[PDB]
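Before any questions on how it binds or moves, here is one chain, the form deposited in one PDB entry, in structure tokens.
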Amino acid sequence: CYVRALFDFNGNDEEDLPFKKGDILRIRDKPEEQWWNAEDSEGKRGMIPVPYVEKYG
């Protein structure tokens, strides 16, 4: 129920869930086929790149 973001990304464009190369995100929603809704290290649910993140849990 998590993913490892092997790509950095800290900004604020489309509310995309930011992260740092080698981060973990808890994916709970996977509507799109690349941008899934996962949580950050604070629970903040946002858009996470499946191509930039791996499947962990």
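Just count from 1 along the sequence shown to find any residue number.
Another form, the form solved in complex with a partner chain, is not on view; read the next lines as being about it.
Interface residue remark: residue 7 is counted as part of the site for the partner chain in the deposited complex, having a heavy atom within 4.5 Å. Taking the partner from elsewhere, residue 16 is found to have a heavy atom lying within 4.5 Å of the partner chain in the deposited complex. The partner chain is not drawn, but in the deposited complex it has a heavy atom within 4.5 Å of residue 52. In the deposited complex, residue 34 approaches the partner chain with a heavy atom inside 4.5 Å.
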